[PDB]
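Before any questions on binding or motion, here is one chain by itself as structure tokens, the form deposited in one PDB entry.
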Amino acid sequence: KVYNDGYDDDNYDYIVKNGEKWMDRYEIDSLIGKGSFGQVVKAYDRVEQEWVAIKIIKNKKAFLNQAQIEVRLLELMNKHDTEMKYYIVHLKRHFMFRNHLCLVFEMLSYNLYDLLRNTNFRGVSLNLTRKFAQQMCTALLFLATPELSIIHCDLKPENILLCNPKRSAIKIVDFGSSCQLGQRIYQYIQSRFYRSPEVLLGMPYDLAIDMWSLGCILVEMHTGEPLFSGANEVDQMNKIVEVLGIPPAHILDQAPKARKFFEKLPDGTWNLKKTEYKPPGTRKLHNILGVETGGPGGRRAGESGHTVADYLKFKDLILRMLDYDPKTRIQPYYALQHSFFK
């Protein structure tokens, strides 16, 4: 009943013991994160004299080979980030400790899902949203550098962490799934709530899919609730449809998974398959955001920066972020030139 000389468990994770000293450098504190890759522990670095976060990868090749890709991309971003300006988490260093690859990241604070849960999923200010929304568009602008051309492939509130708990400066984490621009190798990508139409429809994808995810996330930050909370892909696409309407024909004519959601009638047009949902395009984001009704649930009425003009700019930007066509969907650079930010 032993595995890796008593260091590992049956799940191939490391057994995190509190106060364990590592390599005469790192003092382990407590397990904080957990997932497919392995575990993530909080620890104190003796040399740099600071709190760091050591992402402990599982002791098997599947997870180890995926982690060295995460490293390869983390380091390549840190080469171009230099003066840490573009809101990418800093991979300080990495090493092997008892057959576990460990990635040492700067200690961040609470993620954006933690903020939602602390507001009982009522959301945060449009003004705080703007800050995250700008910082995120800069990060996506950074990832769109031709040399990088990095797609995160998994953006959501829990992969966006604040640097300091008192400040709104953010950092994006987890590039374990990060797709660097290429050919269509993968299909079932992104988390479901934030999964683009081109991914759902089984079409090619590029860096535009992170922009879609950003749109969903930004709306989720202000309302407090996921914009498209589908139980499955068909429900997911239906929830997108009832807000944004039927995807254009020219997109669906190419979509290999179009018949999973839509019918091609003899007419040649596209309509929904049967199954609870309002007609296409009727649950308008204007009504969801509460533009003319004092914000989400009328809770922002009277607050500064939450006027109809402020809500119109925010709504307009989100609609561009949620463009069905990935080619006309707003790019990071143009998104930052939007009124909402000025």
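Only the largest set of C-alpha atoms that superpose within 1.5 Å between the two forms is called the rigid core. For every residue, the number given is its place in the sequence shown, counted from 1.
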**Message:** Counting only residues that lack coordinates, how big is the gap in the deposited sequence between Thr275 and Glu276? Pick none, 1 to 3, 4 to 9 or 10 or more.
**Reply:** 4 to 9
**Request:** Decide which of the stretches 181-189 and 120-128 has the higher mean C-alpha B-factor, going by the entry.
**Result:** 181-189
**Prompt:** On average, which has the higher Cα B-factor in the deposited entry, 266-274 or 138-146?
**Reply:** 266-274
**Request:** Can you pull the Cα B-factors for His94, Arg72, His80, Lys156 from the entry and say which is highest?
**Result:** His80
**Asked** What third of its chain, lowest, middle or highest, does the C-alpha temperature factor of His90 fall into?
**Response** lowest
**Prompt:** Where does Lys315 sit by CA temperature factor within its chain: lowest, middle or highest third?
**Reply:** middle
**Asked** Taking the C-alpha B-factors as the PDB entry records them, is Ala53 in the lowest, middle or highest third of its chain?
**Response** lowest
**Request:** Determine, from the deposited record, the chain-internal third of the Cα B-factor for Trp212: lowest, middle or highest.
**Result:** lowest
**Asked** Lowest, middle or highest third of the chain for the C-alpha temperature factor of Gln236?
**Response** middle
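One more form of this protein, deposited in another entry, exists but is not displayed; see below.
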**Sole member of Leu76, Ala169, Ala249, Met84 with a C-alpha shift of at least 2 Å between this form and the one not shown (core-superposed)** = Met84
**Message:** Superposed on the rigid core, does the Cα of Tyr324 end up 2 angstroms or more away between this form and the one not shown?
**Reply:** no
**Asked** Quick one: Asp81 and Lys131 C-alpha atoms, closer or farther in that other deposited form compared with this form (3 angstroms or more)?
**Response** farther
**Asked** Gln183 and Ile172: do their C-alpha atoms lie closer or farther in that other deposited form than in the form you see, with a change of 3 Å or more?
**Response** closer
